[PDB]
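Enquirer: Dropping in model12.cif, which is mmCIF, C-alpha atoms and all ligand atoms:
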```cif
data_final
#
loop_
_atom_site.label_atom_id
_atom_site.label_comp_id
_atom_site.auth_asym_id
_atom_site.auth_seq_id
_atom_site.Cartn_x
_atom_site.Cartn_y
_atom_site.Cartn_z
CA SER J 137 -7.15 -5.58 17.92
CA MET J 138 -10.77 -6.54 18.44
CA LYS J 139 -11.16 -4.86 15.02
CA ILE J 140 -8.32 -6.97 13.62
CA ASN J 141 -9.45 -10.21 15.24
CA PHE J 142 -12.90 -9.55 13.80
CA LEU J 143 -11.48 -9.09 10.31
CA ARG J 144 -9.62 -12.37 10.37
CA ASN J 145 -12.42 -14.33 12.08
CA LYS J 146 -15.32 -12.91 10.03
CA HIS J 147 -13.52 -13.27 6.65
CA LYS J 148 -11.86 -16.62 7.48
CA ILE J 149 -8.34 -15.31 7.02
CA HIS J 150 -6.00 -17.99 8.32
CA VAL J 151 -2.45 -16.71 8.72
CA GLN J 152 0.77 -18.44 9.76
CA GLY J 153 4.19 -16.80 10.19
CA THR J 154 6.09 -14.35 12.37
CA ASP J 155 5.66 -10.56 12.69
CA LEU J 156 2.40 -10.53 10.72
CA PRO J 157 1.22 -7.20 9.27
CA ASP J 158 -2.37 -6.38 10.12
CA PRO J 159 -4.92 -6.85 7.38
CA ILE J 160 -6.56 -3.76 5.92
CA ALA J 161 -10.31 -3.36 6.29
CA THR J 162 -10.84 -0.89 3.43
CA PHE J 163 -9.01 0.51 0.38
CA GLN J 164 -9.19 3.93 2.06
CA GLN J 165 -6.76 2.71 4.77
CA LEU J 166 -4.14 2.44 2.00
CA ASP J 167 -4.30 6.13 1.37
CA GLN J 168 -4.09 6.82 5.11
CA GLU J 169 -1.38 4.24 5.86
CA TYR J 170 0.69 3.87 2.60
CA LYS J 171 -0.23 6.95 0.61
CA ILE J 172 -1.27 5.10 -2.56
CA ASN J 173 -1.39 6.96 -5.89
CA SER J 174 -4.65 8.90 -6.05
CA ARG J 175 -5.41 7.84 -9.62
CA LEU J 176 -4.81 4.16 -8.80
CA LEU J 177 -7.20 4.36 -5.81
CA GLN J 178 -9.85 6.08 -7.97
CA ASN J 179 -9.41 3.39 -10.66
CA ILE J 180 -9.98 0.67 -8.06
CA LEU J 181 -13.13 2.38 -6.76
CA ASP J 182 -14.41 3.21 -10.32
CA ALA J 183 -14.07 -0.50 -11.15
CA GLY J 184 -16.72 -1.06 -8.46
CA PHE J 185 -14.25 -2.64 -6.09
CA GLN J 186 -15.85 -1.02 -3.09
CA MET J 187 -14.17 -3.28 -0.48
CA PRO J 188 -11.12 -5.51 -0.61
CA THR J 189 -11.75 -9.22 -0.68
CA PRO J 190 -10.51 -11.42 2.21
CA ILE J 191 -7.27 -12.38 0.32
CA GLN J 192 -6.67 -8.72 -0.63
CA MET J 193 -7.27 -7.69 2.99
CA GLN J 194 -4.31 -9.74 4.22
CA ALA J 195 -2.14 -10.32 1.11
CA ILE J 196 -1.73 -6.66 0.20
CA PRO J 197 -0.20 -5.45 3.45
CA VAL J 198 2.02 -8.55 3.59
CA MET J 199 3.59 -7.58 0.20
CA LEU J 200 3.70 -3.90 1.03
CA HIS J 201 5.81 -4.86 4.08
CA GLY J 202 8.27 -6.69 1.84
CA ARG J 203 7.43 -10.14 3.22
CA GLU J 204 7.47 -13.29 1.11
CA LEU J 205 4.05 -14.82 0.85
CA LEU J 206 2.20 -18.00 0.15
CA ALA J 207 -1.41 -16.97 -0.51
CA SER J 208 -4.23 -19.44 -1.09
CA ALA J 209 -7.83 -18.72 -1.93
CA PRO J 210 -10.39 -20.40 -4.26
CA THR J 211 -10.99 -19.22 -7.83
CA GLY J 212 -13.07 -16.03 -7.81
CA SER J 213 -11.38 -14.62 -4.73
CA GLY J 214 -9.68 -11.56 -6.36
CA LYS J 215 -6.12 -12.91 -6.25
CA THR J 216 -5.10 -10.77 -9.29
CA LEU J 217 -5.68 -7.46 -7.52
CA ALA J 218 -4.18 -8.88 -4.31
CA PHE J 219 -0.76 -8.98 -6.04
CA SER J 220 -1.21 -6.17 -8.59
CA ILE J 221 -1.95 -3.34 -6.18
CA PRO J 222 1.08 -3.82 -3.97
CA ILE J 223 3.31 -4.23 -7.04
CA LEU J 224 2.02 -0.95 -8.48
CA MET J 225 2.27 0.76 -5.07
CA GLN J 226 5.83 -0.45 -4.44
CA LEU J 227 7.05 0.54 -7.88
CA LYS J 228 5.60 4.08 -7.28
CA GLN J 229 6.21 5.52 -10.76
CA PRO J 230 6.96 4.29 -14.26
CA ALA J 231 10.72 4.13 -14.72
CA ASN J 232 13.36 3.39 -17.37
CA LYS J 233 15.08 0.67 -15.35
CA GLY J 234 13.64 -2.33 -17.27
CA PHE J 235 11.17 -4.76 -15.66
CA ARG J 236 10.79 -4.26 -11.92
CA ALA J 237 8.14 -6.88 -11.45
CA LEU J 238 7.47 -10.22 -13.00
CA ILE J 239 4.29 -12.29 -12.83
CA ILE J 240 4.34 -15.91 -13.93
CA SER J 241 1.12 -17.65 -14.90
CA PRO J 242 0.56 -21.12 -16.44
CA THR J 243 -0.77 -20.13 -19.86
CA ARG J 244 -1.02 -17.40 -22.49
CA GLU J 245 -4.81 -17.29 -21.71
CA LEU J 246 -4.38 -16.73 -17.99
CA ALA J 247 -1.42 -14.37 -18.55
CA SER J 248 -3.47 -12.28 -20.98
CA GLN J 249 -6.25 -11.82 -18.34
CA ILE J 250 -3.75 -10.67 -15.70
CA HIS J 251 -2.29 -8.29 -18.27
CA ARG J 252 -5.70 -6.72 -19.02
CA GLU J 253 -6.58 -6.32 -15.32
CA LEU J 254 -3.25 -4.52 -14.78
CA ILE J 255 -3.78 -2.30 -17.79
CA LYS J 256 -7.25 -1.36 -16.57
CA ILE J 257 -6.44 -0.68 -12.88
CA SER J 258 -3.37 1.32 -13.83
CA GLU J 259 -4.97 3.53 -16.51
CA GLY J 260 -3.56 7.05 -16.42
CA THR J 261 -0.60 6.13 -14.17
CA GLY J 262 1.89 5.66 -17.01
CA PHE J 263 3.01 2.14 -16.02
CA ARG J 264 3.99 0.00 -19.01
CA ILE J 265 2.88 -3.57 -18.63
CA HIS J 266 3.81 -6.11 -21.27
CA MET J 267 3.59 -9.66 -22.41
CA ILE J 268 6.49 -10.73 -24.63
CA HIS J 269 5.16 -12.37 -27.80
CA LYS J 270 7.01 -14.31 -30.50
CA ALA J 271 7.76 -11.34 -32.79
CA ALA J 272 8.94 -9.24 -29.81
CA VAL J 273 11.23 -12.14 -28.91
CA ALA J 274 12.49 -12.22 -32.51
CA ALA J 275 12.95 -8.42 -32.40
CA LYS J 276 14.74 -8.34 -29.01
CA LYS J 277 12.41 -5.48 -28.16
CA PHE J 278 12.95 -5.95 -24.39
CA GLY J 279 16.60 -6.91 -24.60
CA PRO J 280 19.30 -5.60 -22.24
CA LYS J 281 20.35 -3.26 -25.10
CA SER J 282 16.86 -1.74 -25.46
CA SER J 283 15.28 1.48 -24.13
CA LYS J 284 14.31 -0.15 -20.77
CA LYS J 285 11.12 1.86 -20.72
CA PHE J 286 8.98 -0.98 -19.40
CA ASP J 287 7.89 -1.74 -15.82
CA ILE J 288 5.98 -4.99 -15.39
CA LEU J 289 6.14 -8.30 -17.31
CA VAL J 290 3.35 -10.91 -17.34
CA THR J 291 4.50 -14.23 -18.77
CA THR J 292 4.60 -18.04 -18.69
CA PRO J 293 7.48 -20.14 -17.33
CA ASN J 294 8.56 -21.50 -20.76
CA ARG J 295 8.50 -18.12 -22.49
CA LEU J 296 10.54 -16.52 -19.76
CA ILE J 297 13.07 -19.36 -19.73
CA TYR J 298 13.36 -19.19 -23.48
CA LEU J 299 14.33 -15.50 -23.16
CA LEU J 300 16.84 -16.13 -20.33
CA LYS J 301 18.50 -18.89 -22.34
CA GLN J 302 18.93 -17.02 -25.61
CA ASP J 303 22.50 -16.08 -26.59
CA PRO J 304 22.73 -13.41 -25.57
CA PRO J 305 19.84 -13.23 -23.06
CA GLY J 306 16.60 -11.74 -24.43
CA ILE J 307 15.76 -10.27 -21.03
CA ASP J 308 17.55 -8.90 -17.94
CA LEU J 309 15.97 -9.54 -14.52
CA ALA J 310 18.47 -7.58 -12.48
CA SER J 311 15.89 -4.97 -11.38
CA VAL J 312 12.96 -7.27 -10.64
CA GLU J 313 11.76 -6.45 -7.15
CA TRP J 314 8.68 -8.69 -7.13
CA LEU J 315 8.44 -12.20 -8.59
CA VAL J 316 4.87 -13.45 -8.42
CA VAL J 317 3.74 -16.97 -9.30
CA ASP J 318 0.02 -17.18 -10.00
CA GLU J 319 -1.76 -20.57 -9.87
CA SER J 320 1.22 -22.22 -8.13
CA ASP J 321 -0.79 -25.33 -7.34
CA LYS J 322 -1.35 -25.93 -11.04
CA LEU J 323 2.26 -25.21 -12.01
CA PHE J 324 3.69 -27.59 -9.37
CA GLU J 325 1.37 -30.29 -10.72
CA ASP J 326 1.83 -29.89 -14.48
CA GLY J 327 5.64 -30.01 -14.50
CA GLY J 330 10.44 -29.62 -13.66
CA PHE J 331 8.69 -26.35 -12.83
CA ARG J 332 10.70 -26.42 -9.57
CA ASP J 333 13.97 -26.19 -11.49
CA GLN J 334 12.69 -23.47 -13.82
CA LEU J 335 11.72 -21.38 -10.81
CA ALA J 336 15.18 -21.96 -9.34
CA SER J 337 16.86 -20.61 -12.50
CA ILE J 338 14.43 -17.71 -12.76
CA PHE J 339 15.06 -16.71 -9.13
CA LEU J 340 18.82 -17.11 -9.64
CA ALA J 341 18.57 -14.54 -12.47
CA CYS J 342 16.73 -12.06 -10.20
CA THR J 343 19.76 -10.56 -8.49
CA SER J 344 18.22 -7.36 -7.07
CA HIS J 345 18.95 -6.78 -3.41
CA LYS J 346 15.24 -5.97 -3.23
CA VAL J 347 13.72 -9.13 -4.76
CA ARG J 348 10.77 -10.70 -2.96
CA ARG J 349 8.64 -13.69 -3.97
CA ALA J 350 4.94 -14.30 -3.60
CA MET J 351 3.22 -17.55 -4.50
CA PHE J 352 -0.51 -17.51 -5.22
CA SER J 353 -2.57 -20.68 -5.51
CA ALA J 354 -6.20 -21.74 -5.66
CA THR J 355 -5.78 -24.49 -3.11
CA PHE J 356 -3.77 -24.77 0.07
CA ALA J 357 -1.60 -27.72 -1.14
CA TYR J 358 1.20 -29.85 0.29
CA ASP J 359 4.33 -29.45 -1.87
CA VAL J 360 3.61 -25.79 -2.49
CA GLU J 361 3.38 -25.33 1.25
CA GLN J 362 6.59 -27.35 1.86
CA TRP J 363 8.41 -25.77 -1.08
CA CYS J 364 7.70 -22.31 0.33
CA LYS J 365 8.62 -23.09 3.95
CA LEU J 366 11.82 -24.48 2.49
CA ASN J 367 12.68 -21.92 -0.22
CA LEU J 368 11.11 -18.61 0.74
CA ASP J 369 12.61 -16.42 3.44
CA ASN J 370 10.57 -16.04 6.65
CA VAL J 371 7.41 -16.87 4.71
CA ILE J 372 3.94 -15.73 5.71
CA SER J 373 1.13 -18.10 4.73
CA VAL J 374 -2.37 -16.69 4.20
CA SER J 375 -5.26 -18.98 3.34
CA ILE J 376 -9.02 -18.20 3.13
CA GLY J 377 -11.22 -20.91 4.67
CA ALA J 378 -14.39 -21.92 2.79
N1 LIG J 401 -12.32 -5.95 -4.29
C1 LIG J 401 -13.11 -6.48 -5.26
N2 LIG J 401 -14.43 -6.25 -5.27
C2 LIG J 401 -15.25 -6.76 -6.18
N3 LIG J 401 -14.78 -7.52 -7.15
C3 LIG J 401 -13.47 -7.79 -7.20
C4 LIG J 401 -12.59 -7.28 -6.26
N4 LIG J 401 -11.35 -7.71 -6.57
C5 LIG J 401 -11.47 -8.47 -7.66
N5 LIG J 401 -12.76 -8.50 -8.04
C6 LIG J 401 -13.38 -9.22 -9.19
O1 LIG J 401 -13.48 -10.63 -8.84
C7 LIG J 401 -13.44 -11.38 -10.07
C8 LIG J 401 -12.35 -12.47 -9.92
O2 LIG J 401 -11.06 -11.90 -9.64
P1 LIG J 401 -9.79 -12.79 -9.92
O3 LIG J 401 -8.53 -11.99 -9.78
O4 LIG J 401 -9.89 -13.44 -11.37
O5 LIG J 401 -9.95 -13.98 -8.83
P2 LIG J 401 -8.95 -15.26 -8.75
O6 LIG J 401 -7.64 -15.07 -9.41
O7 LIG J 401 -8.82 -15.48 -7.19
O8 LIG J 401 -9.86 -16.45 -9.37
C9 LIG J 401 -12.96 -10.43 -11.17
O9 LIG J 401 -14.08 -10.13 -12.03
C10 LIG J 401 -12.51 -9.19 -10.41
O10 LIG J 401 -12.88 -8.05 -11.15
MG MG J 402 -6.69 -15.89 -10.95
#
```
Give the structure from the file, written as structure tokens.
Expert:
Amino acid sequence: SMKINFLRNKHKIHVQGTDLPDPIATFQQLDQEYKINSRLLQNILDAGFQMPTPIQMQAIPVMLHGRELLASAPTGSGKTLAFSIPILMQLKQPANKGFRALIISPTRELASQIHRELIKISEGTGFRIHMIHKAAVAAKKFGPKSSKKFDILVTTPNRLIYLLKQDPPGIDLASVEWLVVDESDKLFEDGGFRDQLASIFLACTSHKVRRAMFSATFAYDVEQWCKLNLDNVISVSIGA
């Protein structure tokens, strides 16, 4: 209460929305409150991430509570772990259900960095995290008629749309529980993208699907797009 008010005031966590989950002060809370995988928590601490960052403090519990999210914080804020931890925690265990989470980033470069961070923080947990490259697309390695032993996909909008539009579809999004857009401000400014995201979401038919939009800057048509498209959105923004 005073603790919570302190967290938000000290770390400049500005939050709008209804029924807001409290921020977490420490990664240790997550063992106490959500019973996070012990290896995952040790990986996080071994990486030297002693304390969550302001965006992590509030974004993580928002996603854990199944609430759609618009999260804004400058470059360097730790937005990758802010969405990766709750995705890993929600998914619980590797499974043979095909991709259960999908992260969209503007470029191969930025996608590859998210992919490596996921690989590193999830070491020893057995989660299979993939990018789908040209030859894998050619091979239909992640097709609906494949093994389905893959958990999390990191990708770009065009690559994902290419897969969806193949005949027959080179990917099935029916089990995706989390759809995360990273660098939303950039994406809504480059393309267009709005229609892609509509068709992506339309393909994500799980009763469980939730969306989170991450952006570097708290920007107008991302804000208005979210208030308009997301369900009961919670906005979190870190002041400078
Ligand atoms: N809790 C944390 N403590 C210390 N460093 C962190 C923490 N979370 C993330 N980082 C580091 O902060 C740097 C930037 O993280 P990143 O996800 O790229 O930020 P963003 O996407 O907001 O620009 C990375 O080197 C990452 O390892
Ligand atoms: Mg980033």
Enquirer: Identify the residues within 6 Å of coordinate (9.8, -15.2, 1.9) (same frame as the file), considering only C-alpha atoms, and give the answer as a VMD selection string.
Expert: chain J and resid 203 to 205 368 to 371
Enquirer: Residues contacting ligand MG 402 (chain J) - anything with an atom at most 12 Å away, using all atoms listed in the file - can you give me those as a JSON list (two decimals) with C-alpha atoms, keeping the file's coordinate frame?
Expert:
```json
[["chain", "number", "residue", "atom", "x", "y", "z"],
["J", 191, "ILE", "CA", -7.27, -12.38, 0.32],
["J", 207, "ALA", "CA", -1.41, -16.97, -0.51],
["J", 208, "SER", "CA", -4.23, -19.44, -1.09],
["J", 209, "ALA", "CA", -7.83, -18.72, -1.93],
["J", 210, "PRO", "CA", -10.39, -20.40, -4.26],
["J", 211, "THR", "CA", -10.99, -19.22, -7.83],
["J", 212, "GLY", "CA", -13.07, -16.03, -7.81],
["J", 213, "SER", "CA", -11.38, -14.62, -4.73],
["J", 214, "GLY", "CA", -9.68, -11.56, -6.36],
["J", 215, "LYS", "CA", -6.12, -12.91, -6.25],
["J", 216, "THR", "CA", -5.10, -10.77, -9.29],
["J", 217, "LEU", "CA", -5.68, -7.46, -7.52],
["J", 218, "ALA", "CA", -4.18, -8.88, -4.31],
["J", 219, "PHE", "CA", -0.76, -8.98, -6.04],
["J", 220, "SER", "CA", -1.21, -6.17, -8.59],
["J", 239, "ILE", "CA", 4.29, -12.29, -12.83],
["J", 240, "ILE", "CA", 4.34, -15.91, -13.93],
["J", 241, "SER", "CA", 1.12, -17.65, -14.90],
["J", 242, "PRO", "CA", 0.56, -21.12, -16.44],
["J", 243, "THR", "CA", -0.77, -20.13, -19.86],
["J", 245, "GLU", "CA", -4.81, -17.29, -21.71],
["J", 246, "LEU", "CA", -4.38, -16.73, -17.99],
["J", 247, "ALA", "CA", -1.42, -14.37, -18.55],
["J", 248, "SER", "CA", -3.47, -12.28, -20.98],
["J", 249, "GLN", "CA", -6.25, -11.82, -18.34],
["J", 250, "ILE", "CA", -3.75, -10.67, -15.70],
["J", 251, "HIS", "CA", -2.29, -8.29, -18.27],
["J", 253, "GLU", "CA", -6.58, -6.32, -15.32],
["J", 317, "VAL", "CA", 3.74, -16.97, -9.30],
["J", 318, "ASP", "CA", 0.02, -17.18, -10.00],
["J", 319, "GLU", "CA", -1.76, -20.57, -9.87],
["J", 320, "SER", "CA", 1.22, -22.22, -8.13],
["J", 321, "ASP", "CA", -0.79, -25.33, -7.34],
["J", 322, "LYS", "CA", -1.35, -25.93, -11.04],
["J", 351, "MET", "CA", 3.22, -17.55, -4.50],
["J", 352, "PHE", "CA", -0.51, -17.51, -5.22],
["J", 353, "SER", "CA", -2.57, -20.68, -5.51],
["J", 354, "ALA", "CA", -6.20, -21.74, -5.66],
["J", 355, "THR", "CA", -5.78, -24.49, -3.11]]
```
Enquirer: Counting all atoms listed in the file, what is within 12 Å of residue 171 of chain J, bar same-chain residues fewer than 6 positions away, as a PyMOL selection string?
Expert: chain J and resi 163-165+177+200+222+225-226+228
Enquirer: What's around segment 150-155 of chain J at 9 Å? Count all atoms listed in the file, leave out sequence neighbours fewer than 5 positions away in its own chain, and write the answer as an MDAnalysis selection string.
Expert: chainID J and resid 144:145 194 370:377
Enquirer: Between atom CA of residue 330 of chain J and atom CA of residue 295 of chain J, what is the distance in Å, rounded to a tenth?
Expert: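 Distance reported for this atom pair: 14.6 Å.
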Enquirer: I want to know what sits within 10 Å of segment 298-302 of chain J, based on all atoms listed in the file, with residues of the same chain fewer than 5 positions away left out; could you give that as a list in words?
Expert: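 Near neighbours after the sequence-gap exclusion: residues 268, 273, 276, 278, 279, 293, 307, 308, 309, 337, 338 and 341 of chain J.
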Enquirer: With distances taken over all atoms listed in the file, which residue among J:236, J:229, J:378, J:206 lies nearest residue 363 of chain J?
Expert: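 Smallest distance to residue 363 of chain J is found for J:206.
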Enquirer: Skip residue 179 of chain J itself and residues of its chain fewer than 5 positions away, then list as a list in words all residues within 12 Å of it, counting all atoms listed in the file.
Expert: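 Surrounding residues, per the criterion: residues 163, 172, 173, 174, 184, 185, 186, 217, 221, 253, 254, 255, 256, 257, 258, 259, 260 and 261 of chain J.
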Enquirer: Tell me which of J:366, J:176, J:183, J:198 sits closest to ligand LIG 401 (chain J), counting only C-alpha atoms and all ligand atoms.
Expert: J:183
Enquirer: Considering only C-alpha atoms, state which residue in the set J:365, J:312, J:234, J:161 is at the smallest distance from residue 195 of chain J.
Expert: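 Smallest distance to residue 195 of chain J is found for J:161.
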Enquirer: Choose the residue, out of J:187, J:140, J:149, J:296, that has the smallest atom-to-atom separation from ligand LIG 401 (chain J); count only C-alpha atoms and all ligand atoms.
Expert: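 So, comparing all the options, the nearest one is J:187.
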Enquirer: Would you mind telling me which residue in J:137, J:168, J:178, J:192 lies nearest to ligand LIG 401 (chain J) when using all atoms listed in the file?
Expert: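 When distances to ligand LIG 401 (chain J) are compared using all atoms listed in the file, the smallest one comes from J:192.
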Enquirer: I'd like the interatomic distance between atom CA of residue 294 of chain J and atom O2 of ligand LIG 401 (chain J), to a tenth of an Å.
Expert: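 Interatomic distance, atom CA of residue 294 of chain J to atom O2 of ligand LIG 401 (chain J): 24.5 Å.
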Enquirer: What does the distance from atom CA of residue 169 of chain J to atom CA of residue 227 of chain J come to in Å, to one decimal?
Expert: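 A separation of 16.5 Å between them.
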Enquirer: Name the closest residue to residue 311 of chain J among the candidates J:289, J:156, J:335, J:166; distances are taken between atoms, counting all atoms listed in the file.
Expert: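 Closest to residue 311 of chain J of all the choices is J:289.
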Enquirer: Return as AutoDock Vina command-line options the box centre and box size in Å, one decimal, for an axis-aligned box around all listed atoms of ligand LIG 401 (chain J) padded by 4 Å per side.
Expert:
```
--center_x -11.4 --center_y -11.2 --center_z -8.2 --size_x 15.6 --size_y 18.5 --size_z 15.7
```
